[PDB]
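In structure tokens, the next block holds one chain alone, the form deposited in one PDB entry.
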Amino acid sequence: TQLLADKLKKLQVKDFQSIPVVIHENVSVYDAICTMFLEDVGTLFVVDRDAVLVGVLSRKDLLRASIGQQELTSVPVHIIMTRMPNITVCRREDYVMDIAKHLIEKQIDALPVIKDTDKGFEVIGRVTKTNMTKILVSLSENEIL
């Protein structure tokens, strides 16, 4: 069954990703909390003026910010975001099984899927524990290959 596991490890991010939710690094913390409710997501990807990834924000980053303090309306997200270069990213060509291992091992809910352009990391997707959950359901209904 090593061969079966092998074939599973060849499934790629492009076929199982979700749209990215992105915010500009100068948007306020209040604005980022709004986007996360309007978009109903749990992780936000922060980009610069040239649309290049610079940061991520999670719910707890925002909840940490929201006690107290600290004028959420006046505070730019770049002040609190988790910053590049310490963001775990993937590309559409990566194998979802490797990306599941990063979500686990890095203890995070989502990766940005980026494309390496002649500008930097442009954000083109997200892959989360929801996408993983769905792939697992699909496997159990023999709906993949």
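When you see a residue number, it is the position in the sequence shown, counting from 1. Shifts are known only where both forms have a C-alpha. Heads up, when I say rigid core I mean the largest set of C-alphas that superpose within 1.5 Å between the two forms.
Beyond the structure shown, there is the form deposited in another entry, which is absent from this document and is the topic of what follows.
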property: Core superposition between the shown form and the other one, C-alpha change of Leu72 at least 2 Å; result: yes
property: Distance trend in the other form - C-alpha atoms of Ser66 and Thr73, change of 3 Å or more; result: closer
property: Consecutive-residue runs (3+) with Cα displacement of 2 Å or more between the shown form and the other one, core aligned; result: 1-7, 68-74
